[PDB]
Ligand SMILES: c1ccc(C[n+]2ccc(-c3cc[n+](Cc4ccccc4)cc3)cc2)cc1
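What follows is a single chain, given as structure tokens, in the form solved without the named molecule.
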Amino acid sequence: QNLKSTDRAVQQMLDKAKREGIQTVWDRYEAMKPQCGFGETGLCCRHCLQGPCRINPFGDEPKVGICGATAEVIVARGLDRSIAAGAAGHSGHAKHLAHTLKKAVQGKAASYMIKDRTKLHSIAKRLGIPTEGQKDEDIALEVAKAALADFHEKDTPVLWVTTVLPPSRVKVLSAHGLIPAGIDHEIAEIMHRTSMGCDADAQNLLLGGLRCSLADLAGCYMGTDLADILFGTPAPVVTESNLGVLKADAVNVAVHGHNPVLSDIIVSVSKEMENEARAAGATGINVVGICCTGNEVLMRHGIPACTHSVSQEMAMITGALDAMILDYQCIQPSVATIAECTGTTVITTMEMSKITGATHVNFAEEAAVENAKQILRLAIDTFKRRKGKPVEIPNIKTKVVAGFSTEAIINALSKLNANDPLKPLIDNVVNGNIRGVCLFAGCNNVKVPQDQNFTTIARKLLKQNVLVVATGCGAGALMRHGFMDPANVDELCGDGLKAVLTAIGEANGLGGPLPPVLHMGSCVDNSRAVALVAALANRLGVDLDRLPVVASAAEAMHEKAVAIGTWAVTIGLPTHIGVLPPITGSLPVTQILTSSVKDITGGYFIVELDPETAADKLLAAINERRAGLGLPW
């Protein structure tokens, strides 16, 4: 089972699923092998009904699609569509929050409000929205309107790109025509240009993809901005992670998906129904997190994270998961069938994301509190049904310090230098105590033993004094293996990094250091890392492609991860991906994405499936940036 997951709780539940005959994601993967080599390399096209077309990676015919589409075109078109689909997910999440904020301040949804007035005003300032002499509800209405306007063409480009990157970066991107005109506009243009008989030049196609990836970044940054206004900007918080945060004697309710518009309300409402649960025989309602919706409520409320990504079914296998509350994205639809065997009540809540066999609750912000109590009652009902059943909850959990929004990191740093808070970080980059910064992002992937790349790479970078930040299921992997527990700093961190985390932790009234890895939040909160890096760039007066900052989508899976990886490259970062994206069937495309793009944006992909090699390549990229700045390394 350690070939399937490096997480010991997951291994224990894999043994249980096996003896109970419950099929898992790993079983369905084994049943899918050998996978199709045309698809894996990108050399398959189904964009018209003359297809499917395939191209032999090597050998004889077929060498070209039926319409004349070359390997280069087919691979670039497929990649572009994955970027657009990712942009559609992150920006659909952000669009939903924009409508939620508008509803809140127009009086149409009392469960929602402006919780972070400071963030609201700073966003308005960044966008050029006048605040002086405005009431907060009118400022927020203007902010929501601007958010919705970035989805279509207008007299300005997408402001959630142009106002969040350094002007010098915006200038480089505009010179290449890469600034998106509108988020949904770019998504539609990708779908058009990649349809049959349209764009058929790999470089032209890929430039479109980079522009669409910046539409994805805009949606991520919008999502983070709006969720912080509505639900509060995260600050440092202490909690726990892994299956051992389930409790047999409580009603265990997982919030799973990406958009916390409802799961933030579920958190609040569950706290008040602690007595309706006590009357059903439970100690209380135990809300736990899965995937990014879990990250959102972990970052803001300290809700413990139960599990992530590829292992999400295992939470159910314990027998203790009374309800799983779903919004959208990264939910294995197998959960609706596994629930028949584990007793979990699986509940969908979003109109465009239903699963056959799952109960559906038509959530509306106008009715959020009522929907939440309806769902929590089903959970309580489900707890009642398992009175006297034995559960197998692995008694395995880690301590997690998290909540490191960019505002929180700057505040923590300000305790070492109140009026120039980035300077202590830059000072230690310069003197070598911090070699560089690496962002771990993305998903787990059944092809990679769960968490093996994240932890292998993180370990090598940390010993080399790299400051590691993480989001999404990269943060989930690292938290479940103890990388967010400050007690592990001595074991994990080089002496220079230890000294810096210790200095900052002690200065913030903490028993000791910051944790080994800084959890910056959900997948849309990759935007927070952009905020941090853009702020460092502006403090140093250089562009992002001169900073010793890298990114690693160490076990990527979702179209969203392809979009993120692509905008990481577009804003100027060396960007590792530890699973094969479907590009190797075209050497020209691969050479653009791993080399020539350097000359356009300064970033570039590092495709490397061996995690020790990937760490060495990420270190070399960091050290090359250091040398470009004239710094020792």
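All residue numbers are counted from 1 along the displayed sequence. Take the two forms, find the largest set of C-alpha atoms that superpose within 1.5 Å, and that set is the rigid core.
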Quiz item: Relative to this form, superposed by the core, which stretch has the greater CA RMS in 4 other deposited structures of this protein: 445-453 or 507-515?
Solution: 507-515
Exercise. For the higher mean C-alpha B factor in the entry, choose 363-371 or 231-239.
Key: 363-371
Quiz item: Comparing 449-457 with 511-519, which has the greater mean CA B-factor as deposited?
Solution: 511-519
Quiz item: Say you rank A531, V466, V549, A282 by Cα B-factor from the PDB entry; which sits at the top?
Solution: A282
Practice problem: Sort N295, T356, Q106, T194 by C-alpha B-factor from the entry and give me just the highest. | Solution: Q106
Self-check item: For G39, the third of its chain into which the C-alpha B factor falls
Solution: highest
Quiz item: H258's Cα B-factor: lowest, middle or highest third of the chain?
Solution: highest
Quiz item: By its CA B factor, does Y112 count among the lowest, middle or highest third of the modelled residues in the chain?
Solution: highest
Quiz prompt | Position of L544 among the chain's modelled residues by C-alpha B-factor, lowest, middle or highest third | solution = middle
Quiz prompt | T307 - Cα temperature factor, lowest/middle/highest third of chain | solution = lowest
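What comes next is about the form solved in complex with the named molecule, which is not displayed.
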Exercise. State yes or no: in the entry with it bound, is some non-hydrogen atom of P574 no more than 4.5 angstroms from a non-hydrogen atom of the named molecule?
Key: no
Quiz prompt | Close approach of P57 to the named molecule in the entry with it bound, 4.5 Å, heavy atom | solution = yes
Exercise. Using the partner position in the entry with it bound, report whether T594 sits within 4.5 Å of the named molecule, counting heavy atoms only.
Key: no
Self-check item: Partner proximity in the entry with it bound: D27 to the named molecule, non-hydrogen atom cutoff 4.5 Å
Solution: no
Quiz prompt | Residues of stretch 569-604 in contact with the named molecule in the entry with it bound (4.5 Å, non-hydrogen atom) | solution = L580, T584, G585
